[PDB]
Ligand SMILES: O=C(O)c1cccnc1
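Given next, in structure tokens, is a single chain: the form solved without nicotinic acid.
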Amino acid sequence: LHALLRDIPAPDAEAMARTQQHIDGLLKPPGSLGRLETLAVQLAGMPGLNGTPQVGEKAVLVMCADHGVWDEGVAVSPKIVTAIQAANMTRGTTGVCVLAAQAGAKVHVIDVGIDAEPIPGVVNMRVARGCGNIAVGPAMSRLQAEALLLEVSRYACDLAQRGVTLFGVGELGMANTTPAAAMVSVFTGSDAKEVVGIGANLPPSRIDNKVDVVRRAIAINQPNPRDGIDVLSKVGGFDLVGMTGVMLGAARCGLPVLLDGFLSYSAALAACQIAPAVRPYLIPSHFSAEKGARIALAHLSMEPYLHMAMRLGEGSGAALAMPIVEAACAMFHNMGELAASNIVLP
């Protein structure tokens, strides 16, 4: 793990320079394709990409797990939904499944701690049957967190070896917006009220209780904002940990990772905190309809591409952005050049 972290590669400045130059000579006014150009340069800097914006196979990794904090009345979805929805992922009827199929990506469902019997078809990396209730203690032990990071990290890089070049990250876990908010509050220093959202349709009247629960989690655990693993293990969850581990794994493999929404933003804060070297490999997707979204993105210094008011999770946002990435590549590779058209601009 220390190793892993130490071995995350820096972006290739030379490939990025060549990229920029090539982009500038394309059949268009310089800088006219904006963020599409920026994205391309960004991809070119990623070592696992072989010095050019490329997209081979794509995968969406969905980390599933239950949370003890559910018992605090913070989520209106029945607890069983995690297990149910996880099974559905195997059938391709879920939102993420549908969107991923549309993007030509494959969905990997990972059980990191669902409180139910094992689901055949799902990758088993179960830590425990649900995590601890952050309201009265830690979500898990530091050890547990590090082990899972490690394990997920490896699974992630191993995929690279099978042709995957683009990852998408997501989750599934009733009550997960609670630990997400607590993390955000901690890393960001925002008061709970400012970051606590409606999650999966929590009635406005139940909001207040959700805020108190977050403050309690923090008060009791005293997570150290300067230590991402500490924060994750205390007020996080197994699914939060898994997502962070996907990020670490893709970075180590020098590959790009598309974020999803709020939950993913929390994970991303943790990752960057643990290893700043991770930052350049992250790509935002959409702008989540969760209340704490703006705060979390500001701290990541990220501006998503899509404004869809989505708040489903599962990695559905990450899948929806996949075509944008491929577009940046197509632009780079298939557009003709000014010079060939004998076009001269000031």
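So that there is no doubt, residue numbering starts at 1 and follows the sequence shown.
From this point on, the text means the form deposited with nicotinic acid bound, which you will not see here.
A.B. asks: Looking at nicotinic acid in the deposited bound form, do all three of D260, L263 and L312 come within 4.5 Å of it through at least one heavy atom?
C.D. replies: Every residue of the spot touches nicotinic acid in the deposited bound form.
A.B. asks: Give me the residue from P256, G199, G249, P223 that has a heavy atom within 4.5 Å of nicotinic acid in the deposited bound form.
C.D. replies: Partner contact (heavy atom, 4.5 Å) among the options: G199.
A.B. asks: Does nicotinic acid get within 4.5 angstroms of any non-hydrogen atom of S288 in the deposited bound form?
C.D. replies: Yes, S288 lies within 4.5 Å of nicotinic acid in the deposited bound form.
A.B. asks: So in the deposited bound form, does any heavy atom of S185 sit within 4.5 Å of nicotinic acid?
C.D. replies: Taking the distances in the deposited bound form, the answer for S185 is no, it never comes within 4.5 Å of nicotinic acid.
A.B. asks: Okay, which stretch from 304-312, 39-47, 276-284, 53-61 lines nicotinic acid in the deposited bound form, with non-hydrogen atoms inside 4.5 Å?
C.D. replies: After filtering at 4.5 Å, what remains is 304-312.
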